[PDB]
C-alpha cells in the first residue's frame, strides 16, 4: 500500500481518466512523463478552459526540487505578464493527495513529435530559422539580470508548439533549472545536449543552454541528433569528431579531463589512448558540419536539392551561427543578444 493506494511503487500518482479533483479539475488523460513525475490533461470547471497539470512524485527530494521550479516559474511569469517571451505559464499550484500539482496553460505537441511527423526528414531551414529566433529571444529573457536562469535541460521534447498549425513555441519543464548563484547539480542536461563544461566537471553558467540550442537546431533540420552519445565517453568523443580536441586552457582547468583525454609532456592534449588497433571514432575535427548540413550538396542527405529558401548562402550563414553556439569556450560562446544580430536572421 503506497500512499493509501493512490501511488504506485515509483512514487507516481495512479492516474484515472474521468476522475474529478476538488470540485474543480476533471482529469481527462495522461499526456507526459519525466523523472519529476507525470503530466495530465484536465478541464478546469471554474475558469472554463483546458489545462495541463504536472503531478510531482510524492517523494521529498522531488517535491523539494519542484518547489524550486515553482519559484522560478512564478518569477518568470511575473516579468513576462503579456506572455511574449516564449516561457510556459504557471497558472497556480496545489497539494492534492500528498502530491504537489502544477497547473499550466494547455499547449500542443513538442518538436521531437514534429520531427517524427516528417519521418525524420527534418523541417525546413525557414521553419528552423523561426524556432531559432524564438529560442534566442527566450534565452535572452532568461539572461535578464533579475532572472539569470539556466534552464539546464533544453531538448526538442521541452520545446512545445502553442498550436499545431502554427510556428509559435514555448519552453517548458524548468524542473532542473537554477539561477546563476545557486547551482546544485554536477550531472545535468540530457546527454545529447550536454555541454563540454558539464561533461568536464567544470563550473557552468547560462551558456550551457546555448550549446544545447546549437545541437537542437541542427537536429531540427537534419532530423537526427548531432552528438548522440550512448554514455559520457561516447558523447565527448562525438563532439571531438566534429569540433576537434578542446583547447588546452579549458582542459587544464577541468576536473574530469582525464576521463576522456591525456596530457602529453609538451603540454598538449590528445584523446586518451585506445587498445589493440581499435578504431571507433573519426579523427578529431574531420566530421565536418559543412557536410552534415549538406552546405554545397543540397542540404542534409541532399534532400533539399533545388528547393527555395535552402541556398548555399543560407546554409553558410546557418552553419556559421551553429559553430558560434558550439564554441568550446563558454566565455566566448555566442550570447542571445548577439545571436539575434546574426546574418542568418536578416529579413
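Rigid core here is just the name for the largest C-alpha set that superposes within 1.5 Å across the two forms. Numbering follows the first chain given and starts at 1.
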Exercise. Would you say which of 111-119 and 205-213 moves more relative to the shown form in 9 other deposited structures of this protein, going by RMS C-alpha distance with the core superposed?
Key: 111-119
Quiz item: Quick one: with the core lined up, is it 263-271 or 223-231 that wanders further in 9 other deposited structures of this protein, going by C-alpha RMS?
Solution: 263-271
Quiz item: Within the set of other compared PDB entries, does residue 279 lack a model in a third or more?
Solution: yes
Self-check item: 38-46 versus 310-318 - which carries the larger mean C-alpha B factor in the record
Solution: 38-46
Quiz item: Of 300-308 and 22-30, which one has the bigger average CA B-factor?
Solution: 22-30
Quiz item: If you compare 277, 225, 244, 156, which has the highest Cα B-factor in the entry?
Solution: 277
Self-check item: Top Cα B factor in the deposited entry, candidates 238, 71, 273, 191
Solution: 273
Quiz prompt | Relative C-alpha B-factor of residue 339, binned into the chain's lowest, middle or highest third | solution = middle
Quiz item: Based on the entry's values, in what third of the chain does the Cα temperature factor of residue 131 lie: lowest, middle or highest?
Solution: lowest
Quiz item: Comparing residue 120 with the other modelled residues of its chain, is its CA B-factor in the lowest, middle or highest third?
Solution: middle
Exercise. Within this chain's modelled residues, let me know which third the CA B factor of residue 265 belongs to: lowest, middle or highest.
Key: highest
Self-check item: residue 208 - Cα temperature factor, lowest/middle/highest third of chain
Solution: lowest
